[PDB]
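Student:
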Amino acid sequence: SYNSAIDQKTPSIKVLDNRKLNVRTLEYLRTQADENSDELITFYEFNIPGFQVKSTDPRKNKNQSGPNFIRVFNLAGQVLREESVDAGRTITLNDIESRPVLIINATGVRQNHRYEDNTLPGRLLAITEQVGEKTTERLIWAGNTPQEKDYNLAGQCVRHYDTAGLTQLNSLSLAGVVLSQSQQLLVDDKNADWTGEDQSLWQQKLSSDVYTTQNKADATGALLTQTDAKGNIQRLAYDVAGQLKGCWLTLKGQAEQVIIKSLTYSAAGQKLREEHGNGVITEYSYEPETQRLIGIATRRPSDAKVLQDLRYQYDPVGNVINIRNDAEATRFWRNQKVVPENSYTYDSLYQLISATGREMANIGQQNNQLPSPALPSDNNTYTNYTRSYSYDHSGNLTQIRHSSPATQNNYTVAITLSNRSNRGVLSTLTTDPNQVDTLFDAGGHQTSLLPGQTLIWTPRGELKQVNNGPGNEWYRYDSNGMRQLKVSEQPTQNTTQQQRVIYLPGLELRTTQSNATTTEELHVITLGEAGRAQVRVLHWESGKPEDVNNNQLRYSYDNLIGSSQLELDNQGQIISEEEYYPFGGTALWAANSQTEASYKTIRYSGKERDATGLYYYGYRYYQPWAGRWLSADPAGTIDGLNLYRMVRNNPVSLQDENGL
Amino acid sequence: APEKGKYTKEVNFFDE
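Chains as they are written, first to last, in the authors' numbering: chain G, 3 to 133, 136 to 664; chain H, 665 to 680.
1) Can you check which of these residues, G:599, G:323, G:109 and G:121, is closest to residue 134 (chain G) by C-alpha distance?
2) What separation, rounded to the nearest whole angstrom, lies between the Cα atoms of residue 299 (chain G) and residue 581 (chain G)?
3) I believe residue 2 (chain G) touches residue 141 (chain G) by the beta-carbon criterion, under 8 Å. Please report the beta-carbon distance rounded to the nearest angstrom.
4) To the nearest angstrom, how far is the alpha carbon of residue 497 (chain G) from that of residue 457 (chain G)?
5) Below 8 Å on C-beta distance, what does residue 661 (chain G) contact in chain H?
6) Counting only runs that start and end within the region 23–71 of chain G, where is the beta strand (DSSP E) found for 3 or more residues in a row?
7) Using a Cβ-Cβ distance under 8 Å, would residue 247 (chain G) count as near chain H?
8) Taking 8 Å as the threshold (beta carbon to beta carbon), is residue 565 (chain G) in contact with chain H?
9) Three-state secondary structure (DSSP) at residue 150 (chain G)?
10) Would you mind listing the beta strand (DSSP E) stretches within the region 371–400 of chain G that are 3+ residues and don't spill past its ends, in chain order?
11) Within 10 angstroms of the Cβ of residue 436 (chain G), are there 16 or more other Cβ atoms? Answer buried if so, exposed if not.
12) Please classify residue 220 (chain G): does DSSP put it in a helix, a strand, or coil?
13) What residue range does the beta strand (DSSP E) around residue 417 (chain G) cover?
14) Look at the alpha carbon of residue 606 (chain G) and the alpha carbon of residue 372 (chain G), and state the distance between them as a whole number of angstroms.
15) Under 8 Å Cβ-Cβ, which residues of chain H neighbour residue 240 (chain G)?
16) Which class does residue 548 (chain G) belong to by DSSP, given the choice of helix, strand or coil?
17) At a Cβ cut of 7 Å, what residues of the region 291–303 of chain G count as close to chain H, listed as they run along the chain?
18) Ends of the beta strand (DSSP E) at residue 468 (chain G)?
19) Pull up the DSSP beta-bridge partners for residue 135 (chain G), would you.
20) In the structure shown, what three-state DSSP assignment does residue 594 (chain G) receive?
21) Who does residue 585 (chain G) pair with in a DSSP beta bridge?
22) Please state if the CB of residue 505 (chain G) and the CB of residue 513 (chain G) are separated by a distance shorter than 8 Å.
23) What do you reckon, are the CB atoms on residue 61 (chain G) and residue 396 (chain G) nearer than 8 Å?
24) Leaving out five residues before and five after residue 341 (chain G) in sequence, what residues of the same chain have Cβ atoms less than 8 Å from its Cβ?
25) On a CA-only basis, which of G:111, G:121 and G:152 is nearest residue 131 (chain G)? Give me that one, please.
26) For a contact meaning CB atoms closer than 8 Å, what does residue 274 (chain G) contact in chain H?
27) Compute the distance between the beta-carbons of residue 308 (chain G) and residue 289 (chain G), then report whether it is under 8 Å.
28) Chain H beta carbons: is any one of them nearer than 8 Å to that of residue 658 (chain G)?
29) Mind pulling the beta strand (DSSP E) runs of 3 or more residues that sit fully within the region 271–359 of chain G?
30) Figure out for me which residue from G:30, G:173, G:273 and G:384 has the closest Cα to the Cα of residue 366 (chain G).
31) Against residue 651 (chain G), what residues of chain H qualify as contacts under a CB-to-CB distance less than 8 Å, listed in chain order?
32) What is the C-beta distance between residue 32 (chain G) and residue 352 (chain G), in whole angstroms, given that I count them as a contact (C-beta under 8 Å)?
33) Can you tell me which residues form a DSSP beta bridge with residue 115 (chain G)?
34) Between the Cα of residue 263 (chain G) and the Cα atoms of G:483, G:540, G:390 and G:306, which residue gives the shortest distance?
35) In the region 48–67 of chain G, which residues sit with their C-beta less than 8 Å from some C-beta in chain H, listed in chain order?
36) Alpha carbon to alpha carbon, how far is residue 151 (chain G) from residue 634 (chain G)? Give it in angstroms, no decimals.
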């Protein structure tokens with residue numbers, strides 16, 4: 003059911019100058035089959051030494067506004083100034099050895115990097131983020149003492165003080181795999197300011213809890229087993245091809261159970277058949293010719309029940325155009341047992357123009373919140389919807405026209421963009437195209453999420469706080485920019501109501517506390533990669549609910565891009581079921597209990613959905629009601645000049661690893 | 665960066 007009249011006589015032309023530099027790229031856009039294709043010309047200007055000085059997307063060339071980027075290079079070809087129209091201006095200075103010395107980002111924050119002196123090998127020592137002067141990072145290197153060589157610590161960064169605390173490294177294997185590390189966190193009333201020489205006045209800024217984790221690895225450096233920070237041990241086994249074939253978990257004080265008892269693979273190393281300690285068998289089918297995933301068949305071999313069977317169809321180029329489920333509808337939807345077919349169509353640039361699927365009945369309009377679960381008692385159904393998307397010539401999603409018949413909830417939602425930038429907010433915030441760039445930082449990070457919500461950002465462009473009305477939610481990040489803390493402070497009932505999550509290797513320490521006491525303490529043991537059928541274990545140390553049982557195993561079952569759609573217990577019964585709108589909004593949401601729905605945190609593309617609605621994708625935050633990122637691309641023009649675009653506006657076939 | 669479905673990559677249980 004693919005129509006090739008969309009793609010006739012629409013090639014991609016890269017026009018060259020007399021130096022064979024790509025000075026124009028040419029695209030032809032046909033949205034529907036009968037009409038003519040539209041030539042889009044992206045312009046790249048080069049100076050006389052041959053570096054790309056300015057680049058211009060085809061929408062701002064029609065506006066007669068300036069270029070997207072204005073770069074200034076040195077004589078070697080490295081960028082000294084980059085005046086991006088979405089990410090602001092970046093002034094970068096490197097030394098002789100091409101190490102960064104001075105970085106000024108668009109918010110005016112000067113970053114320093116001081117190194118070792120000329121008698122030492124010149125490794126990194128400290129980083130200073132001057133705004136008024138903070139030594140925000142501090143690296144402690146090791147020597148070649150025979151105590152250091154016993155643990156292979158020679159020439160490593162043993163203590164690494166960063167924006168979230170301390171990351172101490174204890175032992176290395178003979179390959180170079182870290183076998184033991186520990187980490188403390190900065191306290192809530194303190195920021196990273198690691199000034200001075202003595203480290204005894206840096207431990208009074210850190211927490212008392214030192215979270216150490218341990219590993220064991222084979223001679224090939226693959227991780228065999230891993231002890232968490234509490235003592236829960238995961239243990240993996242490998243087959244003769246070096247792939248992974250098994251998994252065992254032993255909680256602290258308990259025996260060793262089985263999480264994955266078999267995992268076979270195809271010839272190309274893709275997953276082929278996997279049986280869990282649940283007992284449920286999933287089986288992946290592939291194309292012979294192209295080795296594309298054409299089937300995910302989740303079968304429970306105790307009732308001969310197929311829980312889901314997703315058969316994918318594709319374009320010739322590899323765009324998902326048809327997903328049908330040959331399973332029956334679950335126990336949450338009474339009186340119906342046929343799952344509708346999801347059909348997708350695309351433009352000539354392979355961006356999603358239309359999408360059908362199923363959604364709940366009492367969902368209403370899509371927003372930042374997720375709807376209430378469909379319990380097995382309230383006998384509710386699902387209905388059919390179809391969404392149609394519209395784009396401008398910069399690739400920004402400008403309009404989602406959700407038209408759902410048989411319920412009369414037909415709504416459109418517009419994204420109001422700038423004329424000079426790709427910065428565009430929802431139409432609830434501003435209807436004027438000229439007051440959109442007042443809602444962003446100078447670096448292009450959005451500063452207001454909703455009409456009553458404001459966002460605060462770090463000096464290095466990371467989300468520091470989502471201010472709601474009465475209750476904020478703030479985060480902390482390490483030197484790589486990965487989130488190590490999430491503290492949700494609800495307003496005053498008689499005191500603050502604080503929920504704290506600590507992100508550790510293979511462990512989430514979700515805890516809830518009032519004024520003086522902890523009212524809930526939850527240790528989520530994770531097994532595997534999120535989006536790769538992850539298994540979670542919810543262990544309650546304090547404040548367990550009445551109806552749930554302790555050490556509850558939640559086996560996640562994922563679709564093509566990793567959206568967690570089915571959760572099963574250790575016996576194989578369904579805990580919670582979810583479907584998604586194509587750009588990530590929760591369309592269908594059924595659960596066994598309301599309190600068993602509160603602990604599903606990883607939802608779409610294997611990414612954790614916060615209480616603010618934003619998905620945390622690594623280096624950036626994503627907002628699914630708009631299909632935009634919350635900030636500009638931190639890496640730059642990796643994927644085109646649109647720094648705010650989603651996955652080439654192709655969110656069914658593609659998915660973004662880690663945001664950047 | 666926008667990559668394809670998760671099935672293409674090798675398994676990874678522990679990294680940074």
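For every residue, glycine included, the Cβ atom is placed at its ideal position computed from N, Cα and C.
Tutor: Result, derived from the coordinates:
1) In the structure shown, chain G runs from 133 directly to 136, leaving residue 134 (chain G) without coordinates.
2) By 1-based counting over the first sequence, the position of residue 299 (chain G) is 295. By 1-based counting over the first sequence, the position of residue 581 (chain G) is 577. Cα to Cα, the separation comes out at about 19 Å.
3) Chain G is shown only over 3 to 664; residue 2 (chain G) falls outside these bounds and no answer can be derived.
4) Here the question's residue 497 (chain G) lines up with position 493 in the first sequence. Here the question's residue 457 (chain G) lines up with position 453 in the first sequence. Answer to the nearest angstrom: the Cα atoms are 21 Å apart.
5) For the purposes of this step, residue 661 (chain G) is identified with residue 657 of the first sequence, where counting begins at 1. Per Cβ cutoff of 8 Å: 665 and 667.
6) 24–31, 40–48 and 54–58
7) Counting from one through the first sequence, the residue named residue 247 (chain G) turns up at place 243. Interface residue, yes.
8) The residue given as residue 565 (chain G) occupies position 561 in the first sequence. It does; some Cβ of chain H falls within 8 Å.
9) Residue mapping note: residue 150 (chain G) aligns to position 146 of the first sequence, counting from 1. Residue state, collapsed to three classes: helix.
10) 386–395
11) The residue you call residue 436 (chain G) lines up with position 432 of the first sequence. Exposed, by the Cβ-count rule.
12) To locate residue 220 (chain G), count along the first sequence from 1; it is residue 216. In this structure, residue 220 (chain G) counts as strand in the three-state DSSP scheme.
13) Counting from one through the first sequence, the residue named residue 417 (chain G) turns up at place 413. Start and end: 413–421.
14) Mapped onto the first sequence, residue 606 (chain G) falls at position 602. Mapped onto the first sequence, residue 372 (chain G) falls at position 368. Each residue's Cα considered, the two are about 15 Å apart.
15) Here residue 240 (chain G) refers to the residue found at position 236 when the first sequence is read from its first residue. Correct list: 677.
16) Residue numbering aside, residue 548 (chain G) sits at position 544 when the first sequence is read from its first letter. Coil, per DSSP.
17) 297
18) What you label residue 468 (chain G) is simply residue 464 of the first sequence in a count that begins at 1. Start and end: 467–471.
19) Chain G lacks coordinates between 133 and 136, the interval that contains residue 135 (chain G).
20) The count along the first sequence starts at 1 and reaches residue 594 (chain G) at position 590. Residue state, collapsed to three classes: strand.
21) What you label residue 585 (chain G) is simply residue 581 of the first sequence in a count that begins at 1. DSSP, once it has assigned bridges, lists no residue as partnering residue 585 (chain G).
22) For the purposes of this step, residue 513 (chain G) is taken as residue 509 along the first sequence, with counting starting at 1. For the purposes of this step, residue 505 (chain G) is taken as residue 501 along the first sequence, with counting starting at 1. Cβ atoms of residue 513 (chain G) and residue 505 (chain G): closer than 8 Å.
23) Along the first sequence, read from residue 1 onward, the residue named residue 61 (chain G) stands at position 59. Along the first sequence, read from residue 1 onward, the residue named residue 396 (chain G) stands at position 392. It is a contact, given that the beta carbons lie within the stated cut-off.
24) On the first sequence, position 337 is the one that residue 341 (chain G) refers to. Hits under 8 Å: 332 and 333.
25) Here residue 131 (chain G) corresponds to residue number 129 of the first sequence, with the count starting at 1. Of the listed residues, the one whose Cα sits closest to residue 131 (chain G) is G:111.
26) Counted from its first residue, the first sequence places residue 274 (chain G) at position 270. Neighbours of residue 274 (chain G) on chain H, chain order: 671 and 672.
27) Start at 1 with the first residue of the first sequence, and residue 308 (chain G) comes out as number 304. Start at 1 with the first residue of the first sequence, and residue 289 (chain G) comes out as number 285. Against a cut-off of 8 Å, the Cβ pair of residue 289 (chain G) and residue 308 (chain G) comes out as no contact.
28) Here residue 658 (chain G) corresponds to residue number 654 of the first sequence, with the count starting at 1. Output row for residue 658 (chain G): interface = yes.
29) 275–280, 285–290, 297–304, 309–318, 324–329 and 346–350
30) By one-based count along the first sequence, residue 366 (chain G) stands at place 362. Comparing Cα positions, the closest option is G:384.
31) Your numbering for residue 651 (chain G) matches position 647 in the first sequence. What residue 651 (chain G) touches in chain H: 666.
32) Position 30 of the first sequence holds residue 32 (chain G). Position 348 of the first sequence holds residue 352 (chain G). Sure, about 5 Å apart at Cβ, within 8 Å.
33) By one-based count along the first sequence, residue 115 (chain G) stands at place 113. DSSP output for residue 115 (chain G) lists G:129 as bridge partner(s).
34) To locate residue 263 (chain G), count along the first sequence from 1; it is residue 259. Among G:483, G:540, G:390 and G:306, the Cα nearest to that of residue 263 (chain G) belongs to G:540.
35) none
36) Reading the first sequence from its first residue, position 630 is the one you call residue 634 (chain G). Reading the first sequence from its first residue, position 147 is the one you call residue 151 (chain G). If I take the Cα positions, the gap works out to 47 Å.
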